[PDB]
Amino acid sequence: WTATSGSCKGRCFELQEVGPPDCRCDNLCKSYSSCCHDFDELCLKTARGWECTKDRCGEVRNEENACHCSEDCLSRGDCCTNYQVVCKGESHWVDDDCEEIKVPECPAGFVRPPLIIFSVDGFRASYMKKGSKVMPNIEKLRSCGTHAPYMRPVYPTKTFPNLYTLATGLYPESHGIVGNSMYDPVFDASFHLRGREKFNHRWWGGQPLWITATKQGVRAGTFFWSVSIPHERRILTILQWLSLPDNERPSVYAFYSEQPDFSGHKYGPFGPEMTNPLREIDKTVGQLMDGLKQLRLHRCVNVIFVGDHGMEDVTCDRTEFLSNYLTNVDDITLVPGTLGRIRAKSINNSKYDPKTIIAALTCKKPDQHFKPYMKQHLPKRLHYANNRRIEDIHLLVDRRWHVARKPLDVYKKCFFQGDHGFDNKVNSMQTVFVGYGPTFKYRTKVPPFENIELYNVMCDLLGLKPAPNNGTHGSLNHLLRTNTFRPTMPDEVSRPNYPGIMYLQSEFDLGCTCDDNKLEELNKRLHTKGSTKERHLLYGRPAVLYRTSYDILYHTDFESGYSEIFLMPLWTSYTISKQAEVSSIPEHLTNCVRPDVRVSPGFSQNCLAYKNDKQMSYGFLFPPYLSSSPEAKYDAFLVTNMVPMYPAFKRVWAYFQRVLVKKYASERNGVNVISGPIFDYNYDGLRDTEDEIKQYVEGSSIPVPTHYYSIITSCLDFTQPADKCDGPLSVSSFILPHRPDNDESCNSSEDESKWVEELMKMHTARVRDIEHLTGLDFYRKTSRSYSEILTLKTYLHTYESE
Ligand SMILES: *[C@@H]1O[C@H](CO)[C@@H](O[C@@H]2O[C@H](CO)[C@@H](O[C@@H]3O[C@H](CO[C@H]4O[C@H](CO)[C@@H](O)[C@H](O[C@H]5O[C@H](CO)[C@@H](O)[C@H](O)[C@@H]5O[C@H]5O[C@H](CO)[C@@H](O)[C@H](O)[C@@H]5O)[C@@H]4O)[C@@H](O)[C@H](O[C@H]4O[C@H](CO)[C@@H](O)[C@H](O)[C@@H]4O[C@H]4O[C@H](CO)[C@@H](O)[C@H](O)[C@@H]4O)[C@@H]3O)[C@H](O)[C@H]2NC(C)=O)[C@H](O)[C@H]1NC(C)=O
Ligand SMILES: Cn1c(COc2ccc(C#N)cc2NC(=O)C(C)(C)C)n[nH]c1=O
Ligand SMILES: [Ca+2]
Ligand SMILES: [Cl-]
Ligand code: NA
Ligand code: NA
Ligand SMILES: [Zn+2]
């Protein structure tokens with residue numbers, strides 16, 4: 001109950017919210033049906049429209065008007081945005097040449113340049129080129145400021161998850177807004193776009209920018225605008241707040257537009273009806289810039305023009321129905337659309353089985369337009385598993401398609417021609433970023449980057465210390481003229497041991513067998529001391545950022561950091577030049593495993609456990625196929641280069657090592673490779689401690705990895721070989737799930753040349769993703785600046801076309 005009979009007189013768009021049942025005058029009041037009786041009359045004036053005209057110039061103030069053209073309007077901060085143009089012979093901001101903004105040019109009393117976040121719903125990255133003729137104000141921001149060709153959203157590519165990721169720097173799994181619709185089993189409550197539950201504070205985790213600002217004494221304007229408050233009034237309100245006295249004036253502001261998303265749903269991303277919404281958005285930007293100019297703030301404010309996600313062509317006939325796959329369809333609840341999430345309709349049903357549901361949805365029709373996953377098997381790059389609000393069963397839906405439970409759900413609930421929500425690598429889901437102002441660079445294009453990075457930068461722009469988040473602070477320093485954040489490399493926690501020859505062959509009882517000169521002996525000793533290490537370890541050894549016990553092992557063809565706790569390498573590093581040759585494993589060495597006389601039997605794996613374990617086989621991290629000489633090849637069969645592998649996974653790994661590494665070396669002019677195991681049994685994206693491992697090679701203490709990574713680095717200028725590169729680097733990486741079957745790949749009964757590389761592309765990763773998962777820190781010794789290295793570590797190779 002609200003006693004909605006107070007008044008909004010003097011209080012219009014009040015920045016502090018009043019405690020009910022006192023009536024409200026803020027933007028949220030509409031959403032609560034709690035506005036004072038006179039809110040519309042006083043706060044939403046519309047009389048005479050939105051622009052000054054010739055005959056309105058110098059008028060006598062009439063407080064009923066939507067905006068003013070009187071002489072005193074500037075001092076009041078309530079002129080229509082085109083006032084100076086029409087009445088004082090000024091030019092529109094868009095018609096002025098751009099001029100570098102080298103320093104902030106602000107009115108006296110401004111302690112820092114204000115930040116304005118101009119957020120646009122459904123604004124697809126390609127609209128910047130394709131709509132350029134009809135968006136002159138936006139094209140001026142873009143060409144005169146700092147811009148990316150596109151910005152990567154988070155998964156799922158829905159509105160609330162992405163906007164709250166912008167605000168917090170967090171993945172949806174950590175902030176808690178994991179979809180547009182959600183069930184939380186602990187609260188036993190549901191969250192929906194329509195309705196009241198979404199206003200409850202318990203849904204919203206992390207610390208958004210407006211709270212970060214307030215806690216540190218920086219004032220914030222509203223981030224939320226009621227849908228019925230027209231766009232012209234939102235702009236005028238911001239311009240009014242910027243006229244407040246120094247002690248009352250916010251330093252950060254947000255504008256939001258429901259377009260072009262609203263129209264894109266109805267007409268598709270490029271429908272002829274889409275031109276008008278893009279024109280209208282551009283006119284709004286023009287109004288802000290004209291308004292800032294009148295206030296002498298157009299060379300003072302930093303403006304961010306940013307989208308939440310793009311928009312794809314999707315129609316009703318492109319729907320798959322779970323009723324075409326499942327017999328028990330009424331015993332499940334589906335969260336439907338451009339992704340799928342499945343749980344049991346009733347917790348009292350103990351005959352519901354997720355295994356048989358997954359199997360009934362796996363590779364059943366020749367062109368099936370979704371793929372089922374247990375959430376922990378989703379590509380790690382999506383970071384979409386560590387939340388109780390994310391159902392165990394997930395469906396990744398092909399772009400252009402929907403999934404629904406039964407046909408009745410579609411025709412009893414074609415309307416739409418566009419939708420979004422798909423995998424965040426998809427080109428149609430990419431969105432926009434432009435920064436313009438004294439703190440951003442002038443006429444600068446930067447590479448594409450992820451929206452999780454922006455919170456840190458908005459904190460930098462406002463002099464705030466960011467709350468802990470998933471950005472990599474410093475990776476976006478190249479966007480900025482000043483206010484850069486100067487990070488230091490993390491300190492190494494554990495130093496390695498460097499073991500020499502300490503054990504005789506006969507001390508090993510591992511059940512392993514193998515069929516195995518003064519010039520050529522001084523040679524082998526130097527290799528084991530690290531003589532070729534400069535060739536195989538190009539960027540320094542990785543630093544271990546947790547407490548553990550490990551050894552560095554040198555060899556002719558590779559170097560490794562070998563964990564005495566996990567009984568295998570944490571990392572193995574090797575360089576393959578363009579000229580390198582592939583050989584095979586000779587017949588007499590097919591099942592050869594050799595004890596490592598630098599490492600105790602007690603800290604070694606054993607062959608008998610693999611013989612005993614009927615499900616589990618083994619592979620090698622440095623591939624024997626790529627040995628430099630028949631004698632160097634013996635090093636590759638050391639028990640210290642061995643790792644546990646399911647036979648189904650060995651098909652993948654063997655093709656990567658035998659075919660793909662040489663292919664990359666030919667195409668990239670040499671590559672440096674770092675490979676290793678990952679253990680993430682609790683699917684939190686972070687390295688497991690040893691007490692978290694759920695599976696071992698039968699009857700041993702050899703832990704089974706959940707994934708295998710590789711990081712593949714070369715020269716960005718590919719006329720220079722990987723091992724002699726003078727400038728910036730180029731990287732691609734992956735995190736392959738270590739699975740006992742290939743059910744994920746529907747063509748896997750075919751030759752590896754038809755499906756393996758496609759699997760690897762799906763599981764593409766950032767170096768930073770691997771760092772979180774292993775507790776290692778890479779690229780410690782290069783000739784490059786640390787900020788440049790941080791940008792490299794956040795890079796994702798997506799394999800999408802242009
Ligand atoms: C992306 O960036 C984020 C942010 O940096 C990273 O997430 C952090 O990860 C930290 C390490 O896992 C984690 O630290 C833990 O914090 C626990 C206290 O958490 C509360 O306080 C914080 C700070 O204010 C708050 O943010 C948290 O909010 C979470 O929980 C509520 C829901 O209840 C949500 O509203 C909110 O959205 C958020 O949820 C997310 O995080 C939780 C985990 O915290 C997930 O479960 C959710 O799914 C969701 O993803 C909390 O309100 C603290 O209790 C922990 O301490 C335990 O572990 C330590 C190890 O050091 C041990 O020594 C202690 O004994 C203790 O263990 C005890 O509890 C165990 C479990 O009950 C029990 O088994 C033991 O026996 C012990 O009794 C721990 O320090 C931090 O909370 C989050 N922060 C956020 C915002 O998510 C994230 O890792 C990054 N991702 C990647 C891939 O890099
Ligand atoms: C969506 N929306 C808005 C604008 O909301 C925003 C604009 C910019 C940022 C940032 N950074 C964040 C939000 N919102 C959020 O983060 C939510 C998820 C709490 C709503 N007004 N009206 C309306 O429907
Ligand atoms: Ca983990
Ligand atoms: Cl959703
Ligand atoms: Na076996
Ligand atoms: Na298969
Ligand atoms: Zn939408």
# chains A, B, ... in the order shown; residues from 1 in each chain; ligands from 1

$ residues_near_ligand --ligand "ligand 1" --cutoff "6 Å" --atoms "only C-alpha atoms and all ligand atoms" --output "list in words"
residues 170, 173, 174, 175, 176, 204, 205, 206, 386, 387, 388, 468, 469, 470, 685, 686 and 772 of chain A

$ residues_near_ligand --ligand "ligand 2" --cutoff "7 Å" --atoms "only C-alpha atoms and all ligand atoms" --output "number ranges by chain"
A: 117, 119, 160-161, 163-164, 166-167, 209, 223-227, 254-256

$ write_last_selection --atoms "C-alpha atoms" --output "short mmCIF file (atom, residue, chain, number, x, y, z; two decimals), in the first residue's frame"
data_model
loop_
_atom_site.label_atom_id
_atom_site.label_comp_id
_atom_site.auth_asym_id
_atom_site.auth_seq_id
_atom_site.Cartn_x
_atom_site.Cartn_y
_atom_site.Cartn_z
CA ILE A 117 26.69 5.08 -20.75
CA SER A 119 23.14 1.47 -24.02
CA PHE A 160 19.32 -9.01 -18.56
CA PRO A 161 22.36 -11.33 -18.42
CA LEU A 163 23.36 -5.67 -19.09
CA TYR A 164 24.15 -6.97 -15.60
CA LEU A 166 28.31 -4.82 -18.26
CA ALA A 167 27.48 -3.45 -14.78
CA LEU A 209 28.88 0.06 -11.04
CA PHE A 223 20.44 3.23 -14.58
CA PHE A 224 16.81 2.17 -15.11
CA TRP A 225 14.18 3.97 -17.15
CA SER A 226 10.45 3.06 -17.16
CA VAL A 227 9.37 1.91 -20.62
CA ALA A 254 22.97 5.77 -18.12
CA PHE A 255 20.60 6.13 -21.08
CA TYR A 256 18.80 3.00 -22.37
#

$ closest_atom_pairs --of "chain A" --to "ligand 5" --cutoff "6 Å" --atoms "only C-alpha atoms and all ligand atoms" --output "tab-separated table"
residue	atom	partner	partner_atom_place_in_ligand_line	distance
A:610	CA	ligand 5	1 (Na)	4.2
A:611	CA	ligand 5	1 (Na)	4.6
A:613	CA	ligand 5	1 (Na)	4.4
A:614	CA	ligand 5	1 (Na)	4.3
A:615	CA	ligand 5	1 (Na)	5.5
A:616	CA	ligand 5	1 (Na)	4.4
A:617	CA	ligand 5	1 (Na)	4.4

$ residues_near_ligand --ligand "ligand 7" --cutoff "8 Å" --atoms "only C-alpha atoms and all ligand atoms" --output "number ranges by chain"
A: 121-122, 158-159, 261-262, 264-265, 311, 419-420

$ write_last_selection --atoms "N, CA, C and O atoms" --output "short mmCIF file (atom, residue, chain, number, x, y, z; two decimals), in the first residue's frame"
data_model
loop_
_atom_site.label_atom_id
_atom_site.label_comp_id
_atom_site.auth_asym_id
_atom_site.auth_seq_id
_atom_site.Cartn_x
_atom_site.Cartn_y
_atom_site.Cartn_z
N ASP A 121 19.67 -1.73 -26.98
CA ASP A 121 19.23 -3.14 -26.98
C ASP A 121 19.16 -3.71 -28.42
O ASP A 121 18.58 -3.11 -29.35
N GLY A 122 19.78 -4.86 -28.61
CA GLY A 122 19.72 -5.55 -29.90
C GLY A 122 20.50 -4.92 -31.04
O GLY A 122 20.22 -5.21 -32.21
N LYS A 158 21.16 -12.88 -24.11
CA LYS A 158 19.87 -12.28 -23.72
C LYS A 158 20.12 -10.89 -23.03
O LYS A 158 21.25 -10.58 -22.62
N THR A 159 19.06 -10.09 -22.88
CA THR A 159 19.20 -8.72 -22.40
C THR A 159 19.69 -8.55 -20.93
O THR A 159 20.72 -7.89 -20.66
N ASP A 261 16.15 -3.53 -30.82
CA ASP A 261 15.67 -4.87 -30.47
C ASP A 261 14.15 -5.07 -30.65
O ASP A 261 13.71 -6.09 -31.17
N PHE A 262 13.35 -4.11 -30.19
CA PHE A 262 11.90 -4.23 -30.25
C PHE A 262 11.42 -4.47 -31.70
O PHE A 262 10.68 -5.42 -31.97
N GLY A 264 13.49 -5.36 -34.33
CA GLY A 264 14.22 -6.56 -34.82
C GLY A 264 13.48 -7.88 -34.55
O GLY A 264 13.51 -8.77 -35.38
N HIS A 265 12.84 -8.02 -33.40
CA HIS A 265 12.02 -9.20 -33.15
C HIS A 265 10.88 -9.39 -34.18
O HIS A 265 10.61 -10.51 -34.64
N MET A 311 21.19 -9.66 -33.17
CA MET A 311 19.86 -10.16 -33.58
C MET A 311 20.04 -11.03 -34.84
O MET A 311 20.79 -10.65 -35.77
N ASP A 419 15.37 -13.22 -33.42
CA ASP A 419 15.58 -13.50 -32.01
C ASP A 419 17.09 -13.56 -31.69
O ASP A 419 17.92 -13.48 -32.59
N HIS A 420 17.44 -13.72 -30.41
CA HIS A 420 18.85 -13.75 -29.97
C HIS A 420 18.91 -14.64 -28.75
O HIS A 420 17.86 -15.00 -28.21
#

$ residues_near_ligand --ligand "ligand 6" --cutoff "10 Å" --atoms "only C-alpha atoms and all ligand atoms" --output "MDAnalysis selection string"
chainID A and resid 362:363 648 741:750 755

$ residues_near_ligand --ligand "ligand 3" --cutoff "9 Å" --atoms "only C-alpha atoms and all ligand atoms" --output "PyMOL selection string"
chain A and resi 679-689+692+773

$ select_by_dssp --residues "region 244-451 of chain A" --states "helix (DSSP H, G or I)" --output "PyMOL selection string"
chain A and resi 261-267+272-294+322-324+329-331+354-360+375-377+380-382+407-411+427-429+451

$ atom_distance --atom1 "CA of residue 659 (chain A)" --atom2 "CA of residue 575 (chain A)"
15.4 Å
